[PDB]
Each structure stands twice: as structure tokens, then as C-alpha cells.
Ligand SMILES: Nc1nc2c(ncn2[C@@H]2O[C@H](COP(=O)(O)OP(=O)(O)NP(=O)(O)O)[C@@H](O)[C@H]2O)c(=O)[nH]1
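There is one chain below, alone, in C-alpha cells, taken in the form deposited without the named molecule.
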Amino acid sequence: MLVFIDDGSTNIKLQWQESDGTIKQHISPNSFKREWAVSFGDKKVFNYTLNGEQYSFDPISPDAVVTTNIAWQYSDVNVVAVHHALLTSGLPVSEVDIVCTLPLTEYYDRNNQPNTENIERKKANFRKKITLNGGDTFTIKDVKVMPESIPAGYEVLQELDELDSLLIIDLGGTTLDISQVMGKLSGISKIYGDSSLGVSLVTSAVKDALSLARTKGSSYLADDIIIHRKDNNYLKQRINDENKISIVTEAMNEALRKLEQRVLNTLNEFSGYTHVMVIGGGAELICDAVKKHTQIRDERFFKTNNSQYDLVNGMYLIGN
């Protein structure tokens, strides 16, 4: 069994192909604590032992998900989170070969060449043996690693000429990933990552202009205000105050301009691309500005955003 794994900063997504031919997907949390979870036998608990330390699944509010850092990708918890996903996936316990991920700037070095040191370190991490109290665990055999953003653009790359060059612009909640890839994924010419640029720049500007609480509830409100920014009636309906509307609107417009400018300034470091692709949760917010700035023709511009499984699905298409 070959399992494709998107072990990102907020959760674990799996994709694999069953005996017949059906493609299955699964998502699991990244919430684990460094201690034994006790049960009086009333609720289900997962107690693990990895290198020496013990760990347990720590179920928390789907509203308090913690975003992890780069170092997390080489930790014990990373390994436990993957094994836990396999255990709750539905797959039968067994030996499995896997493909996991490393962030763009971790997979590649500043010379745009694959950083062998990091990749090998990622692979060695899954060699640690794991046990589960009260049951058995999967056994990870072969481990391959893929960079994060690029697989999401494979479907498009597949139809490009190897001499063609695709500029993949991936704007997320808190980060920006840009990479120039040769047609059919026949090579990489340049990679660029910014960890302080994302949709949050606009979201925080909105939360601040409304004095919204820190609750995730205000996050949804802010998300909605951004989504429906051009529909003044939607807003009047939401924010009850013509004055608040004007205030939130210009704070939002100001934040978006700064967003567009910062993204374009980074794009100014790339050159030689023939096709452009914009993806990520913030794709809608910069779509127009990049199209105008790159002056690329419509048949050479792509917006393949579909779902949260885009990445792992792309990984699947590449190495199924």
C-alpha cells in the first residue's frame, strides 16, 4: 500500500487507492501532547511510545487548532501524527510505503537545488519505531519526500511543453510560496518563500476595524466581509451601521493594496515564465493584480483552486 501524505502545519491529509480502484481521502488533526492520557474506560484514548517518550492524541476544539512551525516537520510528534492518521483512516494495519512533504524552502536550498540534508533528515524521522497501548500500529517502510506547493499544479504542468515555464503563485493564510517550474515537472528553475505574507494581513485589518473579539467566530465574520467586499448590501445586512461599513471598507481596501504591492514586488524577482497559475486560499484576492502585472494571455493563466485535497491529490497523480 502506497499512501500519499500532506503532513502540513495544521493537520494531516491522506490519499490512497484501494484494491479495486477507488481513491480515498482522509484528514486527521495535529493535536498531540507529551503525556499519557488517562481513561476510566469511558472514552477512547490513544497512548503512544515512540523513541522513548510517550505521547497521546489530545482532542481539542476544532476552533483552537494550533499552527506548527518548520522544526515540527522533523519532530517525534510529526511521526505520531502521521501514524495516528493511518490508524483512523480506515486502512487496515500493515506495512506501508509513504510520500510526505517538506515546505518549499525546506525542500530546496537558496540555490534552488533540493536540500538533500533536510530531505534525508525528514526520511530518517519516520524510521523511529512506534507502539500503541491496546493495539498494533502500521509499519512505515519506504519514504519519499515531495515539496509542498508544486504538486498542486501538476495537472496543469502535465499539458505544458517541457520547454515551457510555469509560475506557480500560492498565497495562503499566513504564507506566500512562489516557484517557477519547467513543463511536465521536468525541473525547477527558481523557488521563493515568504513566511510573513498572507491573507491574515487583510483579515487582521478587518478584525481590528470592527473591534472583533479574538474568537474564531469573528474570523468567519471577517472572512465573509472580505468575500462579499463588493456587495454593499451584504455588508449593511451584516455590520449594522453605515459608518462602520465605511470604516471597515477602507481599512480592507488599504490592506488589499498593500497585499497586492508586496506580492508583485516578489514576482518582480522572477522572469522567463511562459504560463502563470494562482492558487491558495488567497488566490481570489490577488488574481486580477497578477494578471494585469504579468500581462499573460488567458489561455496561459490558471486558477485551479478546487479543495483542501489539491496538494495530496497532486502528490498522488505524480507517484500513484
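Numbering starts at 1 and runs along the sequence shown.
The same protein also exists as the form solved in complex with the named molecule; that form is not shown, yet it is the one meant from here on.
Blocked or open, judged by overlaying the named molecule from its pose in the entry with it bound and testing 2.4 Å from backbone or C-beta atoms: With the named molecule superposed from its pose in the entry with it bound, the site reads as open.
Partner-contacting position among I227, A213, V93, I247 - heavy atom within 4.5 Å of the named molecule in the entry with it bound: Only one listed residue qualifies here, and that residue is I227.
Of these, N78, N118, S165, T174, which has a heavy atom no more than 4.5 Å from the named molecule in the entry with it bound? Contact with the named molecule in the entry with it bound is made by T174 alone.
Spell out, yes or no, whether the shortest heavy atom distance between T10 and the named molecule in the entry with it bound is within 4.5 Å. Residue-level check for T10: yes, a contact with the named molecule.
Flag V199 as yes or no: does it have a non-hydrogen atom within 4.5 angstroms of any non-hydrogen atom of the named molecule in the entry with it bound? Yes - in the entry with it bound, heavy atoms of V199 and the named molecule come within 4.5 Å of each other.
Using heavy atoms and a 4.5 Å limit, would one call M277 a contact residue for the named molecule in the entry with it bound? Looking in the entry with it bound, residue contacts with the named molecule do not include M277, since no heavy atom lies within 4.5 Å.
Exercise: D109 in contact with the named molecule in the entry with it bound, heavy atom 4.5 Å: No.
Contact segment among 279-287, 57-65, 261-269, 38-46, judged by heavy atoms lying within 4.5 Å of the named molecule in the entry with it bound: The contacting stretch here is 279-287.
Contact set, 52-89 vs the named molecule in the entry with it bound - heavy atom within 4.5 angstroms: Nothing in this stretch is in contact.
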